[PDB]
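Chains as they are written, first to last, in the entry's author numbering: chain A, 788 to 983; chain B, 296 to 344; chain C, 1181 to 1229; chain D, 1328 to 1338; chain E, 395 to 443; chain F, 247 to 295.
Note that CB positions come from ideal geometry on N, CA and C, so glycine has one too.
Read the structure below first, then the notes.
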Amino acid sequence: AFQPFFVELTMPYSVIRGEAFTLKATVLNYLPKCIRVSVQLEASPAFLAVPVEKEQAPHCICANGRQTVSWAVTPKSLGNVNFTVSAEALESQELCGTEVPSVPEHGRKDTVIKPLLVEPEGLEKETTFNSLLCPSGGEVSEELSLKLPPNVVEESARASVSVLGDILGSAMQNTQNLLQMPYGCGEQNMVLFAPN
Amino acid sequence: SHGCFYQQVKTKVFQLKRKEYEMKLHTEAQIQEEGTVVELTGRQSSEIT
Amino acid sequence: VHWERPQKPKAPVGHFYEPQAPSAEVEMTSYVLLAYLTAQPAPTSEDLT
Amino acid sequence: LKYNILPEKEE
Amino acid sequence: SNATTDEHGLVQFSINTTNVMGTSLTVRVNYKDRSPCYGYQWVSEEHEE
Amino acid sequence: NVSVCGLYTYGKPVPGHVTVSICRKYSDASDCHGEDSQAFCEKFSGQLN
Ligand SMILES: *[C@@H]1O[C@H](CO)[C@@H](O[C@@H]2O[C@H](CO)[C@@H](O)[C@H](O)[C@H]2NC(C)=O)[C@H](O)[C@H]1NC(C)=O
Ligand SMILES: *[C@@H]1O[C@H](CO)[C@@H](O)[C@H](O)[C@H]1NC(C)=O
Ligand SMILES: *[C@@H]1O[C@H](CO)[C@@H](O)[C@H](O)[C@H]1NC(C)=O
Ligand SMILES: *[C@@H]1O[C@H](CO)[C@@H](O)[C@H](O)[C@H]1NC(C)=O
């Protein structure tokens, strides 16, 4: 695919709710005509972004001409956040170059909607628990109390449980591995003999 | 004109290791108004031990 | 969990290859296990965990 | 179980 | 027995002798091996004993 | 001979910078615990048109 005039962003996969970061939005032009762009982004209540270079109007970008802007933003919500960026062209602004037609298709404005991830702020740390239950033709029970909310933040708390029996995780490879021919001294003879 | 020349060098280019052998230093002073150069061979056996 | 030799062998030691000291950690952890598993009537629950 | 900490520890 | 190096690096160790025929003596600052990476066939370092 | 070119979306050309690091490997160093196996590297910066 392609687009004669589009907008692409850059940002990491995941971020942290507390600290901020910049979001780098580039715009690219491949049509011969050289046009000033109106670029920006619509934002949600689930974070807070601010520009760095908003006051100044861009001038123009020509074929293979790419401009770029940024936005210093801090997330608020947790998980996945869609980020929306709108870019379009402008007519009757012949101040950068010779002409500026600025007449694209019905979708003349690139309106891209991109998500990202954010993890919960604070030093992530864990807690482990284990249990071996074996009803030998019968019933057994247990109870496990999970409570460590000192100086914590809501909803970072997660847990999970896993049921299995783990003798077979390595019972394949090692078992089929070591079955060998005896030879050598009595020491080596035992070495090769005993394990089997 | 007065005194003598100095220089502090770095041995990273020398790789003071197994298979790079002893250190020969050949210093060549070209005295002006004669073009006259003379050399001294020095410290060939700096024991990189 | 597990256990080691005393977190490093105290005297001057090592230089690789486990010289006169095969590091004997899997064997001893397994001996610990076999101890944990042993019981006349039947073992308990906690030793199993 | 997992969670995040350090809203204090400031001197 | 231990000792240490003084301003002149000197130590005057004394040993009483009521013992067997022939005696061997050694002194070191480090242990009986070229501790950092001596076994490679491509190493360049040592320490006197 | 050496060269570089950055394919892009639709394989279009991309302006930018580059640094190549052409490199031999495995110098005389012992490559063990104080020694980089990294041998001679030449670094070529370019402004990709
Ligand atoms: C905003 O992000 C959410 C996901 O976090 C999107 O909500 C829906 O996502 C599912 C896939 O999980 C889609 O099948 C739905 O179509 C999405 N809903 C909508 C709005 O159609 C959502 O698409 C993203 N965009 C906005 C602005 O809501
Ligand atoms: C060597 O012996 C002295 C006591 O005579 C002692 O102070 C010293 O601690 C010993 N060496 C080391 C490494 O401790
Ligand atoms: C030397 O050491 C031996 C140890 O038994 C002792 O018998 C002898 O008295 C010592 N001589 C001295 C300190 O002069
Ligand atoms: C290397 O580049 C030069 C021109 O820069 C060219 O003449 C030559 O044929 C190229 N290929 C080689 C030497 O293999």
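- prompt: For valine 248 of chain F, which residues of its own chain have a beta-carbon under 8 Å away from its beta-carbon, when the five flanking residues on both sides are left out?
  reply: So the qualifying residues of the chain are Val266, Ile268, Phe290.
message: Can you find the residues in the same chain that come closer than 6 Å, C-beta to C-beta, to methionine 318 of chain B, ignoring five residues on each side of it along the sequence?
response: Here the set comprises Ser341.
- request: Could you tell me if the beta carbon of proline 1334 of chain D falls within a distance shorter than 7 Å of some heavy atom in ligand 1?
  value: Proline 1334 of chain D Cβ: outside cutoff for every heavy atom of ligand 1.
message: Rounded to the nearest angstrom, what separates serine 296 of chain B and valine 421 of chain E at their Cα positions?
response: Looking at the two C-alpha atoms, the distance is approximately 53 Å.
query: Taking 8 Å as the CB-CB cut-off, is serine 831 of chain A touching chain D?
result: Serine 831 of chain A does not count as touching chain D.
task: Out of E/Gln435, E/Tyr425, E/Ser418, E/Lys426, state which residue places its alpha-carbon closest to the alpha-carbon of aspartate 277 of chain F.
output: Comparing C-alpha distances from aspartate 277 of chain F to each of E/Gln435, E/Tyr425, E/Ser418, E/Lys426 shows the shortest one belongs to E/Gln435.
field: Contact the region 802–813 of chain A vs the region 895–913 of chain A: 3+ CB pairs below 8 Å
entry: The region 802–813 of chain A vs the region 895–913 of chain A: in contact.
field: Start-end ranges of the alpha helix (DSSP H) lying completely within the region 793–845 of chain A, minimum 4 residues
entry: The alpha helix (DSSP H) runs lying completely inside the region 793–845 of chain A and spanning 4 residues or more number zero.
- prompt: Cβ of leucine 965 of chain A within 8 Å of Cβ of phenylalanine 870 of chain A?
  reply: Not a contact, by the Cβ cut-off of 8 Å.
- request: Starting from the beta carbon of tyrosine 434 of chain E, find every residue of chain F whose beta carbon is closer than 7 Å, and list them in chain order.
  value: Result: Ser276, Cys278.
message: Classify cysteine 847 of chain A: buried if its beta carbon has 16 or more other beta carbons within 10 angstroms, exposed otherwise.
response: When all chains shown are included, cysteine 847 of chain A counts as buried.
- request: Measure how close the beta-carbons of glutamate 795 of chain A and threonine 813 of chain A come, nearest whole angstrom, since I'm counting them as under 8 Å.
  value: Their Cβ separation, rounded to whole angstroms, is 6 Å, which keeps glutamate 795 of chain A and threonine 813 of chain A in contact under 8 Å.
query: So which residues of chain A does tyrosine 272 of chain F contact, with C-beta pairs closer than 7 Å?
result: Listed along the chain, the chain A residues whose CB falls inside 7 Å of the CB of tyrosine 272 of chain F amount to none; the nearest CB is some 33 Å away.
- request: Check whether the Cβ atoms of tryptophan 858 of chain A and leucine 815 of chain A sit closer than 8 Å, and answer yes or no.
  value: Not in contact: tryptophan 858 of chain A and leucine 815 of chain A (Cβ atoms no closer than 8 Å).
query: Is there a Cβ from chain A that is less than 8 Å from the Cβ of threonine 1209 of chain C?
result: So no, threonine 1209 of chain C is outside the interface.
Host alpha helix (DSSP H) of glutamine 975 of chain A (start-end): Per DSSP, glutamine 975 of chain A belongs to the alpha helix (DSSP H) from 973–980.
query: From the DSSP output, which residues share a beta bridge with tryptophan 858 of chain A?
result: For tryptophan 858 of chain A, which the question treats as bridged, DSSP gives the partners A/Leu810, A/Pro838.
message: Please classify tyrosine 316 of chain B as buried or exposed, where buried requires at least 16 neighbouring CB atoms within 10 angstroms.
response: Label assigned to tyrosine 316 of chain B: exposed.
- prompt: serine 932 of chain A by DSSP, collapsed to three states: which one?
  reply: In the structure shown, the three-state DSSP call for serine 932 of chain A is coil.
task: Could you have a look at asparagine 1331 of chain D and say whether DSSP puts it in helix, strand or coil?
output: DSSP places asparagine 1331 of chain D in strand when its eight states are reduced to three.
- request: State yes or no: is the beta carbon of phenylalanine 789 of chain A nearer than 8 Å to at least one beta carbon in chain F?
  value: With its beta carbon less than 8 Å from one in chain F, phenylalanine 789 of chain A belongs to the interface.
The beta strand (DSSP E) enclosing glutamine 293 of chain F, as first and last residue numbers: Element bounds for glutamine 293 of chain F: 284–294.
field: C-alpha distance - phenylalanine 792 of chain A paired with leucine 818 of chain A, whole-angstrom precision
entry: So the two alpha carbons sit approximately 7 Å from each other.
query: Taking the C-alpha atoms as reference points, what is the distance between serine 957 of chain A and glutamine 854 of chain A?
result: So the two alpha carbons sit approximately 56 Å from each other.
- request: Could you say which of E/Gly403, E/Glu401, E/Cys431, E/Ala397 lies nearest to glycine 1194 of chain C if we only look at CA atoms?
  value: With distances taken between CA atoms, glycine 1194 of chain C lies nearest to E/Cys431 out of E/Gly403, E/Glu401, E/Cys431, E/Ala397.
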